[PDB]
Every structure is written in structure tokens, then in C-alpha cells.
>>> print(open('run-v4.pdb').read())   # PDB, C-alpha atoms
MODEL        1
ATOM      1  CA  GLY A  10       5.408  -3.603 -16.040  1.00  0.00           C
ATOM      2  CA  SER A  11       7.709  -1.823 -13.592  1.00  0.00           C
ATOM      3  CA  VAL A  12       8.549  -2.295  -9.911  1.00  0.00           C
ATOM      4  CA  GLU A  13       9.419   0.574  -7.560  1.00  0.00           C
ATOM      5  CA  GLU A  14      10.405   0.737  -3.880  1.00  0.00           C
ATOM      6  CA  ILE A  15       8.433   3.432  -2.039  1.00  0.00           C
ATOM      7  CA  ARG A  16       9.394   4.748   1.398  1.00  0.00           C
ATOM      8  CA  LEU A  17       6.911   6.464   3.718  1.00  0.00           C
ATOM      9  CA  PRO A  18       8.273   7.960   6.989  1.00  0.00           C
ATOM     10  CA  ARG A  19       6.091   6.565   9.768  1.00  0.00           C
ATOM     11  CA  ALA A  20       4.743   9.553  11.707  1.00  0.00           C
ATOM     12  CA  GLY A  21       1.861   8.035  13.664  1.00  0.00           C
ATOM     13  CA  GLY A  22      -0.523   9.690  11.228  1.00  0.00           C
ATOM     14  CA  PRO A  23      -2.653   8.685   8.244  1.00  0.00           C
ATOM     15  CA  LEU A  24      -0.477   6.997   5.636  1.00  0.00           C
ATOM     16  CA  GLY A  25      -2.731   8.725   3.109  1.00  0.00           C
ATOM     17  CA  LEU A  26      -3.995   5.784   1.061  1.00  0.00           C
ATOM     18  CA  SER A  27      -6.744   3.195   0.708  1.00  0.00           C
ATOM     19  CA  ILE A  28      -6.428  -0.341  -0.644  1.00  0.00           C
ATOM     20  CA  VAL A  29      -8.742  -2.870  -2.281  1.00  0.00           C
ATOM     21  CA  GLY A  30      -8.389  -6.541  -3.077  1.00  0.00           C
ATOM     22  CA  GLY A  31      -6.625  -9.578  -1.703  1.00  0.00           C
ATOM     23  CA  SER A  32      -7.604 -13.212  -1.353  1.00  0.00           C
ATOM     24  CA  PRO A  44      -6.076 -11.424  -6.442  1.00  0.00           C
ATOM     25  CA  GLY A  45      -3.805  -8.678  -5.118  1.00  0.00           C
ATOM     26  CA  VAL A  46      -3.853  -5.509  -3.002  1.00  0.00           C
ATOM     27  CA  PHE A  47      -4.193  -2.387  -5.159  1.00  0.00           C
ATOM     28  CA  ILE A  48      -4.083   1.244  -4.069  1.00  0.00           C
ATOM     29  CA  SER A  49      -7.539   2.725  -4.713  1.00  0.00           C
ATOM     30  CA  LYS A  50      -7.150   6.262  -3.318  1.00  0.00           C
ATOM     31  CA  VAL A  51      -4.180   8.555  -2.664  1.00  0.00           C
ATOM     32  CA  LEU A  52      -4.813  11.728  -0.683  1.00  0.00           C
ATOM     33  CA  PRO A  53      -3.467  14.766  -2.594  1.00  0.00           C
ATOM     34  CA  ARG A  54      -2.031  16.102   0.691  1.00  0.00           C
ATOM     35  CA  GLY A  55      -1.262  12.720   2.240  1.00  0.00           C
ATOM     36  CA  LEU A  56       1.981  10.927   2.960  1.00  0.00           C
ATOM     37  CA  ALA A  57       1.372   8.424   0.152  1.00  0.00           C
ATOM     38  CA  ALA A  58       1.128  11.193  -2.452  1.00  0.00           C
ATOM     39  CA  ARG A  59       4.237  12.947  -1.101  1.00  0.00           C
ATOM     40  CA  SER A  60       6.275   9.723  -1.349  1.00  0.00           C
ATOM     41  CA  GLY A  61       5.410   8.462  -4.839  1.00  0.00           C
ATOM     42  CA  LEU A  62       2.370   6.214  -4.423  1.00  0.00           C
ATOM     43  CA  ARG A  63      -0.250   6.194  -7.173  1.00  0.00           C
ATOM     44  CA  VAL A  64      -3.691   4.706  -7.725  1.00  0.00           C
ATOM     45  CA  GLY A  65      -3.600   1.317  -9.427  1.00  0.00           C
ATOM     46  CA  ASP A  66      -0.268   0.296  -7.906  1.00  0.00           C
ATOM     47  CA  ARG A  67      -0.201  -3.254  -6.548  1.00  0.00           C
ATOM     48  CA  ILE A  68       1.394  -3.550  -3.113  1.00  0.00           C
ATOM     49  CA  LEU A  69       3.851  -6.445  -3.374  1.00  0.00           C
ATOM     50  CA  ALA A  70       5.699  -6.207  -0.044  1.00  0.00           C
ATOM     51  CA  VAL A  71       5.452  -4.275   3.228  1.00  0.00           C
ATOM     52  CA  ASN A  72       8.839  -3.987   4.955  1.00  0.00           C
ATOM     53  CA  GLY A  73       9.969  -7.246   3.388  1.00  0.00           C
ATOM     54  CA  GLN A  74       6.798  -9.191   4.189  1.00  0.00           C
ATOM     55  CA  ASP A  75       5.383 -10.651   0.971  1.00  0.00           C
ATOM     56  CA  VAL A  76       1.778  -9.493   0.560  1.00  0.00           C
ATOM     57  CA  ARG A  77       1.456 -10.593  -3.079  1.00  0.00           C
ATOM     58  CA  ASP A  78      -1.219 -13.168  -2.169  1.00  0.00           C
ATOM     59  CA  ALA A  79      -2.167 -11.745   1.232  1.00  0.00           C
ATOM     60  CA  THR A  80      -5.754 -11.387   2.379  1.00  0.00           C
ATOM     61  CA  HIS A  81      -7.207  -7.889   2.526  1.00  0.00           C
ATOM     62  CA  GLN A  82      -6.985  -7.863   6.327  1.00  0.00           C
ATOM     63  CA  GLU A  83      -3.571  -9.533   6.160  1.00  0.00           C
ATOM     64  CA  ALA A  84      -2.463  -6.524   4.115  1.00  0.00           C
ATOM     65  CA  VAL A  85      -4.205  -4.088   6.477  1.00  0.00           C
ATOM     66  CA  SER A  86      -2.330  -5.446   9.481  1.00  0.00           C
ATOM     67  CA  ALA A  87       1.004  -5.455   7.641  1.00  0.00           C
ATOM     68  CA  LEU A  88       0.412  -1.841   6.629  1.00  0.00           C
ATOM     69  CA  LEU A  89      -0.526  -0.635  10.106  1.00  0.00           C
ATOM     70  CA  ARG A  90       0.940  -3.105  12.628  1.00  0.00           C
ATOM     71  CA  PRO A  91       4.120  -1.500  14.083  1.00  0.00           C
ATOM     72  CA  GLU A  94      10.234   4.448   7.905  1.00  0.00           C
ATOM     73  CA  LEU A  95       7.975   1.967   6.090  1.00  0.00           C
ATOM     74  CA  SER A  96       9.007   0.435   2.764  1.00  0.00           C
ATOM     75  CA  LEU A  97       6.450  -0.534   0.123  1.00  0.00           C
ATOM     76  CA  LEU A  98       7.405  -2.411  -3.040  1.00  0.00           C
ATOM     77  CA  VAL A  99       4.783  -1.999  -5.763  1.00  0.00           C
ATOM     78  CA  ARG A 100       4.189  -3.128  -9.338  1.00  0.00           C
ATOM     79  CA  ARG A 101       3.211  -0.391 -11.790  1.00  0.00           C
ATOM     80  CA  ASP A 102       2.380  -0.397 -15.498  1.00  0.00           C
TER      81      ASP A 102
ATOM     82  CA  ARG B  11     -17.379  -8.863  -0.967  1.00  0.00           C
ATOM     83  CA  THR B  12     -15.384  -5.690  -1.597  1.00  0.00           C
ATOM     84  CA  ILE B  13     -13.557  -3.681   1.075  1.00  0.00           C
ATOM     85  CA  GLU B  14     -11.801  -0.337   0.783  1.00  0.00           C
ATOM     86  CA  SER B  15      -9.570   0.313   3.801  1.00  0.00           C
ATOM     87  CA  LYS B  16      -8.540   3.923   4.471  1.00  0.00           C
ATOM     88  CA  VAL B  17      -5.196   4.024   6.296  1.00  0.00           C
TER      89      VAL B  17
ENDMDL
END
>>> encode(input="run-v4.pdb", output="C-alpha cells")
Amino acid sequence: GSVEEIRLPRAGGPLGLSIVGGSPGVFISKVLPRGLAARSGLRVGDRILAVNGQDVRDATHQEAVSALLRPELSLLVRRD
Amino acid sequence: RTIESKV
């Protein structure tokens, strides 16, 4: 497995993704072809490990949702 | 059970 650091420039618009899982793990389920997530390297199946340094490895689904949206955003993901 | 959150 591989780990990558993704960077999405916060623009007050749709980040361009959808996530599933939590309490095991938050995985990206959809990536808009025209969205920010697709333009910045995100892919379906990636596990979100950290949101701007906050560890979301074992975060609840809503814990991850707040981290993602609560106010450039850095996502560290695991990818196989 | 399952949630999909569009952000």
C-alpha cells in the first residue's frame, strides 16, 4: 500500500467528493469528474487518514464530515 | 447503517 498527501485549494465550493465509512475507516466513494477532488489527485477507494493534521483514521463518519468541512486543505490518504 | 456524504 501507498500513502499520498493531497492538497485541495479551499474555494468555498464543493470539494467534489463523497465519503463512506467510519466507526472501519473513511473511504472516498465518488469523485466528480469536474470537481476539485478529481483535479487534485483524489480517487475512489482512497482511505482518508488525516485532514489538515487531524487523525481521522478511526473517526466517526460525522467526525470525518466535520473535519472535512469545518473551517488550502491537506488530505493524507492510503492507496493500494 | 450506511451513509454517503457528498461534500
>>> resolve_selection(input="run-v4.pdb", expression="the ChimeraX specification (/B :<7) & /A", output="ChimeraX atom specification")
/A:23-29
>>> atom_distance(input="run-v4.pdb", atom1="CA of residue 71 in chain A", atom2="CA of residue 58 in chain A")
17.0 Å
>>> resolve_selection(input="run-v4.pdb", expression="the PyMOL selection byres ((chain A and resi 95) around 12)", output="list in words")
residues 14, 15, 16, 17, 18, 19, 20, 21, 24, 56, 57, 60, 70, 71, 72, 73, 74, 87, 88, 89, 90, 91, 94, 96, 97 and 98 of chain A
>>> write_last_selection(input="run-v4.pdb", atoms="C-alpha atoms", output="CSV table (one decimal), in the frame of the given file")
chain,number,residue,atom,x,y,z
A,14,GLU,CA,10.4,0.7,-3.9
A,15,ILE,CA,8.4,3.4,-2.0
A,16,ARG,CA,9.4,4.7,1.4
A,17,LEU,CA,6.9,6.5,3.7
A,18,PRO,CA,8.3,8.0,7.0
A,19,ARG,CA,6.1,6.6,9.8
A,20,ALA,CA,4.7,9.6,11.7
A,21,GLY,CA,1.9,8.0,13.7
A,24,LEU,CA,-0.5,7.0,5.6
A,56,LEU,CA,2.0,10.9,3.0
A,57,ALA,CA,1.4,8.4,0.2
A,60,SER,CA,6.3,9.7,-1.3
A,70,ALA,CA,5.7,-6.2,0.0
A,71,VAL,CA,5.5,-4.3,3.2
A,72,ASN,CA,8.8,-4.0,5.0
A,73,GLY,CA,10.0,-7.2,3.4
A,74,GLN,CA,6.8,-9.2,4.2
A,87,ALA,CA,1.0,-5.5,7.6
A,88,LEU,CA,0.4,-1.8,6.6
A,89,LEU,CA,-0.5,-0.6,10.1
A,90,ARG,CA,0.9,-3.1,12.6
A,91,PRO,CA,4.1,-1.5,14.1
A,94,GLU,CA,10.2,4.4,7.9
A,96,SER,CA,9.0,0.4,2.8
A,97,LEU,CA,6.4,-0.5,0.1
A,98,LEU,CA,7.4,-2.4,-3.0
>>> atom_distance(input="run-v4.pdb", atom1="CA of residue 101 in chain A", atom2="CA of residue 63 in chain A")
8.8 Å
>>> atom_distance(input="run-v4.pdb", atom1="CA of residue 69 in chain A", atom2="CA of residue 84 in chain A")
9.8 Å
>>> resolve_selection(input="run-v4.pdb", expression="the PyMOL selection byres ((chain A and resi 10) around 10)", output="VMD selection string")
chain A and resid 11 to 12 100 to 102
>>> write_last_selection(input="run-v4.pdb", atoms="C-alpha atoms", output="compact mmCIF listing (two decimals), in the coordinates of the input")
# COMPACT_ATOMS: atom_id res chain seq x y z
CA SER A 11 7.71 -1.82 -13.59
CA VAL A 12 8.55 -2.30 -9.91
CA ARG A 100 4.19 -3.13 -9.34
CA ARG A 101 3.21 -0.39 -11.79
CA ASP A 102 2.38 -0.40 -15.50
>>> axis_aligned_box(input="run-v4.pdb", around="range 81-102 of chain A", padding_each_side="5 Å", output="AutoDock Vina command-line options")
--center_x 1.5 --center_y -2.5 --center_z -0.7 --size_x 27.4 --size_y 24.0 --size_z 39.6
